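Visitor: Chains as they are written, first to last, in the UniProt record's numbering: chain A, 134 to 265; chain B, 2 to 155, 182 to 438; chain C, 1 to 22, 92 to 138, 165 to 280; chain D, 136 to 205, 222 to 270; chain E, 136 to 202; chain F, 1027 to 1124. Where a beta carbon is used, it is the ideal one built from N, C-alpha and C, also for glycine. Just passing along the structure, written as structure tokens.
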Amino acid sequence: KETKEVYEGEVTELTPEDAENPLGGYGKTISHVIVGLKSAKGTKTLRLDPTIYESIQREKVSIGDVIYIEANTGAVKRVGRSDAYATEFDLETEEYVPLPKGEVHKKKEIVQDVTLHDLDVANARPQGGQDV
Amino acid sequence: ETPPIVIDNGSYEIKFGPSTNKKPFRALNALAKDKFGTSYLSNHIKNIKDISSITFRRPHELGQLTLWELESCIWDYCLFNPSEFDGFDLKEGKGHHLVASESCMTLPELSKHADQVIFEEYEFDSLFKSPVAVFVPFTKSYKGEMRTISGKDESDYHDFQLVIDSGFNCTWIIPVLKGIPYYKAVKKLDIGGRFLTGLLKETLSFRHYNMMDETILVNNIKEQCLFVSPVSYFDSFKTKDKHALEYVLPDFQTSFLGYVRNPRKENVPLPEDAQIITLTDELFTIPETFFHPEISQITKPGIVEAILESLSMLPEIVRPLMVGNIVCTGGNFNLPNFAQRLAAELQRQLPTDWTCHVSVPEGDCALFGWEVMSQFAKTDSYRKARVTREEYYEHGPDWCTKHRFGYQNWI
Amino acid sequence: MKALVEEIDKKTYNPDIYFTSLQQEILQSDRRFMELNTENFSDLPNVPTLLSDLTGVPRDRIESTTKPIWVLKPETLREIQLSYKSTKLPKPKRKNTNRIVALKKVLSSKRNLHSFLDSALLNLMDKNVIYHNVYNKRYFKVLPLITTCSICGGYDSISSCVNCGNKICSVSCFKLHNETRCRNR
Amino acid sequence: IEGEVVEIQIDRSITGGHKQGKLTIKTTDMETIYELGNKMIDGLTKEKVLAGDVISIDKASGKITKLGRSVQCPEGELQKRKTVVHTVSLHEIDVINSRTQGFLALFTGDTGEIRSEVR
Amino acid sequence: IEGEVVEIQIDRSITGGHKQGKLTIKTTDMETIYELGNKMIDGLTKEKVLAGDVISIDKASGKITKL
Amino acid sequence: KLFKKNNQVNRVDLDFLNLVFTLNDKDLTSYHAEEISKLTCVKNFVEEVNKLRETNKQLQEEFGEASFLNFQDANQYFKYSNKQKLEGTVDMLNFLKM
Ligand SMILES: Nc1ncnc2c1ncn2[C@@H]1O[C@H](COP(=O)(O)OP(=O)(O)O)[C@@H](O)[C@H]1O
Ligand code: BEF
Ligand SMILES: [Mg+2]
Ligand SMILES: [Zn+2]
Ligand SMILES: [Zn+2]
């Protein structure tokens, strides 16, 4: 049995923590990009890990495109650019998609059955990852 | 005279009837004369045969009414004719009281002329000149059939109601509190029934021959087969092939009104020599202009922009109270699967913590509006609300239309 | 595929270059809206005066720089009167003294710019409240905009015209566009 | 999307990028100008093409294929909607899913002892 | 050395160049303020801590672990 | 592309479940893990829960029968305030639990 958190919405903000107070130790800047998750039904500014922002950079997202992130793993997948930017380009390889309906923060539970030796091989050998 | 008279004027059609009967009497508000010059009474254009070239001369304009004598002539016809109005009877109307509706944005001088005329020539013993949105929160005073739509889910009168009102003249948005609408948050939609008729005429000219001369046919086709897109535009466009309707035009000699032949039904097998104009693409495109005015290539903001502006500038505490009660009134709200789309797109556009809750009345919403004004008279507040002749007489004529019936009073 | 080594010049060549060879619109939108809001053919030429009066721009200049595309008569009063002559006729009234003498100047005034402006009776501030205040200011657009075929609304194939820039989708739309909707051709 | 080109005109910045590529595409029955996105004009810079050259454009992949010069006589609609059908044994998909190196493994045969749970 | 940090103040602009700032470290039973050397300035430059955080530093090797 | 169908609905991360310890020894001393495990500080979220559901239950006992009702909260100057306060305190409650 397992439970995770669901998030969706389009992207407008690519800014780190401003950190107005220097404190004498910070040339204020961080590899933690604060993004206001612009879903049509909700918006929240998140301090994001360098890994999830690195995956954001992997998708090379721009302003105005739906994103999907995870609270725990931070997995980043984009359905594509929004239909608002469809008229900007007469042609574009990136698919123009509408914003999926639903709240920003959604919670789902799984009771998936996994055999013992899949966990055996995963523990003996890590399965994989997007990082170098 | 305990039962007053209920008159609900309109730029297109005026709703009128006594306080006793349930169903209001109907009469179009427009004067039409044929190309040969034969004028037709407003209730008799439906009786004429030649509907090809008709020029309409209505006293109402895009904003309001101007011709006082022609409109007074219209009312004199509509309230002095018991022979053609069964059950109705009104000889002179001294003690008979009036329940009159009007726009929230009446001009000072035009309102002056209107109140002067109604008080001094029609001797209304007492009357209440107020917009429909004021009578709207009195719906809870009576129990009856009423339907509601939820956006999220897949005294004797209420206070916090959001009023959406659409008519042939125009469309308006009104937030009302304690029974007095929030005037500064009331906004107007420029798209009216006349604009819809004109754009249908233009699209038909671009897709068929010229029907700009025809006007009754365009209203008939926009009234009998136009429906709102249930979900969006692209799905309807892809499914417009199966959602294809063919309308048989009315031959002037045998059929005064045409019929829409549905291919899916076999109940109409008789063939006709008259040509049939097929319709597959414009069935849902026209109502999509409300959500997406850009499909008509117009620079209007849109319904969602207006509602979000009105709510945002409105005080924050009563915004959820506003969106907790939405009711649709007017003729244009009779289109199918429309307010469900409004609820869905509000819920998409409104924050999760808020809940969208729009209630829809069955059938014509203008009839429900007439019903609500009629039942407003039964309320114990109306007898306090009505203003007599003398208070108009001794006081200056501007006082009655500026203080109690003046929009500047509650601004 | 791409050649690893390619010809590169210094004078004509530049990394960015890649060439290989062998207000008014708002006025148009408002005018098309208001003329689409007008039904009678005889009412088409007179409403531009209404547009100019409301907008405040000079009528003659915008009329020359923009190409688009009575009700009351005593005899009409007479035939309308006889139409419902079954029951008809209210009573007006008049009085004397300086107040009614002044009211003569407003009773049956018969004033009209085209229908009714022609007055200082409405305040300029009230005029701005009526016209310039009701319309929204900052919310130009919130929802996405969709552009489809100007002929049939097709959107799968998007292709603007080369002369007038009009969007066309199908071959039939293109072939009927050039001679009818392509004014620049 | 397959049709002969008329000219190629890419808008851009000398040092800031801001690439806006445009090029008219012609055939036997259309003469249409197209605004090209960043990827397509990046490719068009990758492979050298000229105005008279004809290329084939696929929306999803964004790849470009040119075969001849005014050699080829294109016709028909630009937005030709034709399917691509691919046959394969389940051995190839098994090898691909077994390992990220399975591509070259099946291209070279140095596979071996695939887990039966994958099967 | 285990202790929750209270505050860190380094004069990195008035004097700069590892001004030997002072950081206060608290525990549930005792609290003291610890001087920071130039090499300690460089060490705290890595594994950056904005205080309000429980960290521990080995007494011998001087290696700070952010818990 | 035929293989990248939605699997998050039926996949276990197994990394957040601290079962990938073979990679944990790369950057972890034994005593640090021993001391960070014993500092599994319970009742710190529970004390916030306790300080919040006092107000939650007070509001529920005050206007929990009408503020939560859609009809009453539709037209009421202060009852919606109770409704939204109850929703907010429940939201902070389950977020702190998460
Ligand atoms: N059942 C219906 N289907 C489609 N359109 C309708 C229907 N009923 C009314 N309408 C539209 O509503 C308009 C009537 O507006 P109305 O509310 O009567 O204006 P007013 O407020 O001046 O009375 C007409 O132009 C008509 O096109
Ligand atoms: F007065 Be209208 F036709 F809305
Ligand atoms: Mg009306
Ligand atoms: Zn088309
Ligand atoms: Zn053209």
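1. Rounded to whole angstroms, what's the CA-CA distance from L29 (chain B) to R221 (chain B)? Just pull it up for me.
2. For chain C, check one thing: does any of its Cβ atoms lie closer than 8 Å to the Cβ of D308 (chain B)?
3. Can you find the residues in the same chain that come closer than 6 Å, C-beta to C-beta, to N173 (chain E), ignoring five residues on each side of it along the sequence?
4. Would the segment 310 to 329 of chain B and the segment 253 to 272 of chain B be scored as touching if the rule is three or more Cβ pairs under 8 Å?
5. Assess, as a yes-or-no matter, whether the segment 234 to 250 of chain C is touched by the segment 138 to 151 of chain D under the definition of 3 or more beta carbon pairs within less than 8 Å.
6. Which residues of chain E have a Cβ atom closer than 7 Å to the Cβ of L156 (chain A), listed in chain order?
7. Return no unless some Cβ of chain F is closer than 8 Å to the Cβ of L147 (chain A).
8. Tell me the start and end of each unbroken beta strand (DSSP E) in the segment 228 to 312 of chain B that is at least 3 residues and wholly inside, in chain order.
9. Do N1101 (chain F) and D186 (chain B) have their beta-carbon atoms positioned less than 8 Å apart in this structure?
10. Leaving out five residues on either side along the sequence, give the residues of the same chain with a beta carbon under 6 Å from the beta carbon of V385 (chain B).
11. Out of B:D51, B:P342, B:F395, B:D217, state which residue places its alpha-carbon closest to the alpha-carbon of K144 (chain B).
12. DSSP three-state label for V209 (chain A), please.
13. Thinking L1085 (chain F) and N1108 (chain F) are a contact (beta carbons under 8 Å), I'd like their distance in whole angstroms, please.
14. Does the beta-carbon of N196 (chain B), which I'm using as the reference point, lie nearer than 7 Å to any heavy atom of ligand 3?
15. What does the alpha-carbon distance come out to for the pair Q117 (chain B) and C355 (chain B)?
16. Below 8 Å on the Cβ atoms is my contact criterion, and I expect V237 (chain C) with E372 (chain B) to pass it. Report the Cβ-Cβ distance as a whole number of Å.
17. With distances taken between CB atoms, is the gap from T182 (chain C) to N82 (chain B) smaller than 8 Å?
18. Say yes only if the C-beta of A33 (chain B) is nearer than 7 Å to one or more non-hydrogen atoms of ligand 1, and no if none qualify.
19. If you follow the beta strand (DSSP E) that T178 (chain A) is in, where does it begin and where does it stop?
20. Alpha carbon to alpha carbon, what distance is there between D198 (chain A) and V189 (chain D)?
21. Closer than 9 Å, Cβ to Cβ, to anything on chain A: give me those residues from the segment 156 to 173 of chain E, in chain order.
22. Can you list the beta strand (DSSP E) stretches of 3 or more residues lying completely in the segment 143 to 201 of chain A, in chain order?
23. Run through chain F and tell me which residues come within less than 9 Å of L202 (chain E), C-beta to C-beta.
24. Under 8 Å, Cβ to Cβ, is there at least one residue of chain C near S215 (chain A)?
25. Quick check on DSSP: helix, strand or coil for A33 (chain B)?
26. Which residue comes first and which comes last in the beta strand (DSSP E) that contains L99 (chain B)?
27. Is the separation between the beta-carbon of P185 (chain C) and that of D77 (chain B) shorter than 8 Å?
28. So which residues on chain A does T1048 (chain F) lean against when the C-beta distance must stay under 9 Å?
29. Under the three-state reduction of DSSP, which class applies to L257 (chain D): helix, strand or coil?
30. Evaluate contact between the segment 1038 to 1047 of chain F and the segment 255 to 264 of chain A, counting only Cβ atoms and requiring at least three cross-stretch pairs below 8 Å.
31. Is the CB of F211 (chain C) under 8 Å away from at least one CB in chain B?
32. Specify, as a first and last residue, the run of the alpha helix (DSSP H) that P169 (chain C) falls within.
33. Which class does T1115 (chain F) belong to by DSSP, given the choice of helix, strand or coil?
34. Assuming contact is defined by CB atoms lying nearer than 8 Å, are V1068 (chain F) and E135 (chain A) in contact in what I supplied?
35. Would you please verify whether the beta carbon of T234 (chain D) is less than 8 Å from any beta carbon of chain C?
36. Can you confirm whether the segment 279 to 293 of chain B touches the segment 40 to 54 of chain B when touching is taken to mean that 3 or more C-beta pairs between the two stretches lie within less than 8 Å?
Guide: Let me spell this out:
1. Here residue 29 (chain B) is taken as the residue at index 28 of the second sequence, counted from 1. Here residue 221 (chain B) is taken as the residue at index 194 of the second sequence, counted from 1. Cα to Cα, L29 (chain B) sits roughly 15 Å from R221 (chain B).
2. Your numbering for residue 308 (chain B) matches position 281 in the second sequence. Closer than 8 Å: yes.
3. Translated into the one-based positions of the fifth sequence, residue 173 (chain E) becomes position 38. Taken in chain order, the residues that qualify are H153.
4. yes
5. Between the segment 138 to 151 of chain D and the segment 234 to 250 of chain C there are fewer than three inter-stretch CB-CB distances shorter than 8 Å, so the stretches are not counted as touching.
6. Along the first sequence, read from residue 1 onward, the residue named residue 156 (chain A) stands at position 23. Neighbours of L156 (chain A) on chain E, chain order: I143, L185.
7. As a first step, residue 147 (chain A) is located in the first sequence; it is residue number 14 there, counting from the start. No - not a single Cβ of chain F is within 8 Å of the one on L147 (chain A).
8. Inside the segment 228 to 312 of chain B, DSSP marks whole beta strand (DSSP E) runs of 3 or more residues at positions 272 to 275, 286 to 288, 303 to 306, from first to last along the chain.
9. Walking along the second sequence from the start, residue 186 (chain B) turns up at place 159. Walking along the sixth sequence from the start, residue 1101 (chain F) turns up at place 75. Their beta carbons are under 8 Å apart, which means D186 (chain B) touches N1101 (chain F) by this criterion.
10. One-based indexing of the second sequence puts residue 385 (chain B) at position 358. Here the set comprises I150, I353, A366, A370.
11. As a first step, residue 144 (chain B) must be located in the second sequence, where it is residue number 143. Ranking the options by Cα distance to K144 (chain B), first place goes to B:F395.
12. Along the first sequence, read from residue 1 onward, the residue named residue 209 (chain A) stands at position 76. Correct three-state label for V209 (chain A): coil.
13. Residue mapping note: residue 1085 (chain F) aligns to position 59 of the sixth sequence, counting from 1. Residue mapping note: residue 1108 (chain F) aligns to position 82 of the sixth sequence, counting from 1. Confirmed, about 6 Å.
14. Translated into positions along the second sequence, residue 196 (chain B) becomes position 169. Indeed, a heavy atom of ligand 3 lies less than 7 Å from the Cβ.
15. Mapped onto the second sequence, residue 117 (chain B) falls at position 116. Mapped onto the second sequence, residue 355 (chain B) falls at position 328. Cα to Cα, the separation comes out at about 32 Å.
16. Counted from its first residue, the third sequence places residue 237 (chain C) at position 142. Counted from its first residue, the second sequence places residue 372 (chain B) at position 345. So it is not a contact: roughly 11 Å between Cβ atoms.
17. Start at 1 with the first residue of the third sequence, and residue 182 (chain C) comes out as number 87. Start at 1 with the first residue of the second sequence, and residue 82 (chain B) comes out as number 81. For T182 (chain C) and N82 (chain B), yes; Cβs fall inside 8 Å.
18. The sequence position of residue 33 (chain B) within the second sequence is 32, counting from 1. No, Cβ of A33 (chain B) sits at least 7 Å from all heavy atoms of ligand 1.
19. Numbered from 1 along the first sequence, position 45 holds the residue referred to as residue 178 (chain A). First-last of the beta strand (DSSP E) with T178 (chain A): 178 to 180.
20. Here residue 189 (chain D) corresponds to residue number 54 of the fourth sequence, with the count starting at 1. Here residue 198 (chain A) corresponds to residue number 65 of the first sequence, with the count starting at 1. So the two alpha carbons sit approximately 33 Å from each other.
21. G156
22. 167 to 169, 178 to 180
23. Taking the first residue of the fifth sequence as 1, we reach residue 202 (chain E) at position 67. Taking a Cβ-Cβ cut-off of 9 Å, the neighbours of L202 (chain E) in chain F comprise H1058, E1061, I1062, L1065, given in sequence order.
24. Along the first sequence, one-based indexing puts residue 215 (chain A) at 82. Judged by the 8 Å Cβ criterion, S215 (chain A) is in contact with chain C.
25. Numbered from 1 along the second sequence, position 32 holds the residue referred to as residue 33 (chain B). Of the three classes helix, strand and coil, the one that applies to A33 (chain B) here is strand, per DSSP.
26. Position 98 of the second sequence, counting from 1, holds the residue named residue 99 (chain B). That run of the beta strand (DSSP E) goes 99 to 102.
27. On the third sequence, position 90 is the one that residue 185 (chain C) refers to. On the second sequence, position 76 is the one that residue 77 (chain B) refers to. Yes; because the gap between Cβ atoms is below 8 Å, this pair is in contact.
28. In the sixth sequence, counting from the first residue as 1, residue 1048 (chain F) sits at position 22. Correct list: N256, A257, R258, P259.
29. Sequence index remark: in the fourth sequence, residue 257 (chain D) carries index 106 (1-based). Helix, per DSSP.
30. yes
31. Along the third sequence, one-based indexing puts residue 211 (chain C) at 116. At least one chain B Cβ lies under 8 Å of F211 (chain C).
32. Walking along the third sequence from the start, residue 169 (chain C) turns up at place 74. Here the alpha helix (DSSP H) through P169 (chain C) covers 169 to 178.
33. What you label residue 1115 (chain F) is simply residue 89 of the sixth sequence in a count that begins at 1. The answer is helix: DSSP assigns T1115 (chain F) an H, G or I state.
34. Numbered from its first residue, the sixth sequence carries residue 1068 (chain F) at position 42. Numbered from its first residue, the first sequence carries residue 135 (chain A) at position 2. No, the Cβ-Cβ distance between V1068 (chain F) and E135 (chain A) is not below 8 Å.
35. By 1-based counting over the fourth sequence, the position of residue 234 (chain D) is 83. No - not a single Cβ of chain C is within 8 Å of the one on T234 (chain D).
36. yes
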